[PDB]
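Quick notes on the structure that follows.
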Amino acid sequence: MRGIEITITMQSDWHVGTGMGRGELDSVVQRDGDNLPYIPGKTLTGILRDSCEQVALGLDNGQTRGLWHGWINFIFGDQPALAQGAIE
RNA sequence: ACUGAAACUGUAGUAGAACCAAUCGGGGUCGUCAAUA
């Protein structure tokens, strides 16, 4: 099911950073292949994931692991780099 | 003889400190004017 879109409307001035500046600039924004500003999909997943995890916390009554947090790992995938021990 | 997965370039930081829009000045007072025939 492709054909869904997300629209982002920027309501204040915005800065997807590059972690660095250049010359006289101390922070510069990411630009796409057309030299235009954009939000990278890795940034967009991270922000959207984080907010579905905010919703999950409420639905899980603050339980950091539970049924609704499992739904985030369903929708957004597990985060195996953070898990430790014998995850089967 | 078979695409790894998953991961927010973010986090903290007041474009600000200093600098008088100011210095001097009585709202005052007296001699003509004009050039020809």
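So you can find residues: chains in the structure tokens are A, B, ... in the order shown, residues in each start at 1, and ligands are numbered from 1 in order.
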Hey, which bits of chain A sit within 7 Å of chain B, and for each residue what's the closest pair of atoms and how far apart in Å (one decimal), counting only C-alpha atoms (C1' of nucleotides), rows by chain and increasing number, as JSON lines?
```
{"residue": "A:17", "atom": "CA", "partner": "B:9", "partner_atom": "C1'", "distance": 5.8}
{"residue": "A:18", "atom": "CA", "partner": "B:9", "partner_atom": "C1'", "distance": 5.6}
{"residue": "A:19", "atom": "CA", "partner": "B:9", "partner_atom": "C1'", "distance": 4.7}
{"residue": "A:43", "atom": "CA", "partner": "B:8", "partner_atom": "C1'", "distance": 4.6}
{"residue": "A:46", "atom": "CA", "partner": "B:8", "partner_atom": "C1'", "distance": 4.4}
{"residue": "A:47", "atom": "CA", "partner": "B:8", "partner_atom": "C1'", "distance": 5.5}
{"residue": "A:77", "atom": "CA", "partner": "B:6", "partner_atom": "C1'", "distance": 6.5}
{"residue": "A:78", "atom": "CA", "partner": "B:6", "partner_atom": "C1'", "distance": 6.0}
{"residue": "A:79", "atom": "CA", "partner": "B:6", "partner_atom": "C1'", "distance": 4.8}
{"residue": "A:80", "atom": "CA", "partner": "B:6", "partner_atom": "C1'", "distance": 6.0}
```
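Within range 2-57 of chain A, DSSP applied to the backbone places the following residues in strand (DSSP E or B): residues 17, 22, 25, 29, 31 and 37 of chain A.
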| said: For the helix (DSSP H, G or I) assignment from backbone DSSP, which residues of chain A qualify? Please present them as number ranges by chain. | reply: A: 41-59, 67-75
Can I get the selected residues back with N, CA and C atoms, as a short mmCIF file (atom, residue, chain, number, x, y, z; two decimals), in the first residue's frame?
```cif
data_model
loop_
_atom_site.label_atom_id
_atom_site.label_comp_id
_atom_site.auth_asym_id
_atom_site.auth_seq_id
_atom_site.Cartn_x
_atom_site.Cartn_y
_atom_site.Cartn_z
N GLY A 41 13.76 11.22 5.14
CA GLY A 41 12.86 10.19 5.63
C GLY A 41 13.30 9.52 6.92
N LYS A 42 14.60 9.52 7.20
CA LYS A 42 15.12 9.04 8.47
C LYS A 42 14.75 9.98 9.62
N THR A 43 14.81 11.29 9.38
CA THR A 43 14.30 12.28 10.32
C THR A 43 12.79 12.17 10.51
N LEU A 44 12.06 11.88 9.43
CA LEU A 44 10.61 11.86 9.50
C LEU A 44 10.10 10.62 10.22
N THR A 45 10.69 9.46 9.94
CA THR A 45 10.37 8.27 10.71
C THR A 45 10.68 8.46 12.18
N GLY A 46 11.83 9.03 12.49
CA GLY A 46 12.22 9.22 13.88
C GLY A 46 11.28 10.10 14.67
N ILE A 47 10.83 11.20 14.08
CA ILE A 47 9.86 12.06 14.74
C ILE A 47 8.49 11.39 14.84
N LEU A 48 8.03 10.77 13.77
CA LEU A 48 6.74 10.09 13.82
C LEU A 48 6.79 8.88 14.75
N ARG A 49 7.87 8.10 14.72
CA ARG A 49 8.01 6.99 15.65
C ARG A 49 7.92 7.46 17.09
N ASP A 50 8.68 8.50 17.42
CA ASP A 50 8.73 9.07 18.76
C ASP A 50 7.36 9.47 19.26
N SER A 51 6.50 9.98 18.39
CA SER A 51 5.16 10.40 18.79
C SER A 51 4.19 9.23 18.94
N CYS A 52 4.29 8.22 18.09
CA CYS A 52 3.53 7.01 18.32
C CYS A 52 3.96 6.30 19.61
N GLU A 53 5.23 6.43 19.98
CA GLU A 53 5.70 5.98 21.28
C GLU A 53 5.17 6.84 22.43
N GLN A 54 4.97 8.14 22.23
CA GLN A 54 4.22 8.94 23.20
C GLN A 54 2.79 8.46 23.38
N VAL A 55 2.11 8.16 22.29
CA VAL A 55 0.75 7.64 22.40
C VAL A 55 0.75 6.29 23.09
N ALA A 56 1.68 5.41 22.71
CA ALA A 56 1.80 4.09 23.32
C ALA A 56 2.00 4.16 24.83
N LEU A 57 2.84 5.08 25.31
CA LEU A 57 3.02 5.25 26.75
C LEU A 57 1.71 5.55 27.46
N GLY A 58 0.91 6.46 26.90
CA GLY A 58 -0.40 6.74 27.47
C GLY A 58 -1.30 5.52 27.48
N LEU A 59 -1.37 4.82 26.35
CA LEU A 59 -2.22 3.64 26.27
C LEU A 59 -1.71 2.51 27.14
N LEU A 67 1.62 -4.08 25.75
CA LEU A 67 0.90 -4.43 24.54
C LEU A 67 1.04 -3.36 23.47
N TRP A 68 0.83 -2.10 23.85
CA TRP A 68 0.82 -1.01 22.90
C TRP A 68 2.19 -0.59 22.45
N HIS A 69 3.20 -0.76 23.28
CA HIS A 69 4.57 -0.59 22.82
C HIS A 69 4.96 -1.66 21.82
N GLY A 70 4.46 -2.88 22.00
CA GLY A 70 4.64 -3.92 20.99
C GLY A 70 4.05 -3.58 19.64
N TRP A 71 2.94 -2.84 19.64
CA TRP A 71 2.35 -2.31 18.41
C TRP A 71 3.26 -1.32 17.70
N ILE A 72 4.06 -0.54 18.43
CA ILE A 72 5.06 0.32 17.80
C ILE A 72 6.18 -0.51 17.17
N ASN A 73 6.66 -1.52 17.87
CA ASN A 73 7.64 -2.44 17.30
C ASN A 73 7.06 -3.26 16.17
N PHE A 74 5.74 -3.42 16.13
CA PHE A 74 5.09 -3.97 14.95
C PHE A 74 5.10 -2.98 13.79
N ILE A 75 4.59 -1.77 14.03
CA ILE A 75 4.45 -0.78 12.97
C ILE A 75 5.81 -0.28 12.50
#
```
| Gap from CA of residue 5 in chain A to CA of residue 33 in chain A - Å, one decimal | 20.6 Å
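In this model, the gap between CA of residue 4 in chain A and CA of residue 36 in chain A comes to 23.1 Å.
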